[PDB]
């Protein structure tokens, strides 16, 4: 998993722990709309289509910027079930890089306060 974004921290953060973040599809100074989902029982992944945040790639194509490691919020599977404005720390949400195409999901399970 070379192409992927990650956040310095990975637990003991806070609701909107905007910390340093690097990595992504490893494009090249390309845009990488930040994303945040909630990985529960695997089959239950409530993505957060409210990330908004956007990270830019660096030469190589690796993102580099501060991403908000939200803690609690309202997530949604995708078209079946909805998480809800609840704590994500219970589902060890995750924050990764996202394109304007909504490529595959992330894999940065961070422990939110």
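What you see of chain A is 35-147, where the numbers are those given in Swiss-Prot.
Method reported for this entry: solution NMR.
Heads up, the Cβ atoms here are built off N, Cα and C, so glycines get one too.
Copied from Swiss-Prot, the annotated features are:
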type	residues	note
DISULFID	71-81	disulfide bond
DISULFID	122-127	disulfide bond
What residue among the disulfide-bonded residues 71, 81, 127 has the most other CB atoms lying within 10 A of its CB?
127
Per DSSP, to which secondary structure element type does residue 81 (disulfide bond) belong, with helix, strand and coil as the options?
strand
State the Cα to Cα distance, in Å, between residue 71 (disulfide bond) and residue 127 (disulfide bond), rounded to an integer.
6
Near residue 122 (disulfide bond), which residues of its chain come within a Cβ-Cβ distance under 8 Å, counting only those 6 or more away in sequence?
72, 104, 105, 106, 107, 109, 146
Using Cα coordinates, what distance in whole Å links residue 81 (disulfide bond) and residue 127 (disulfide bond)?
9
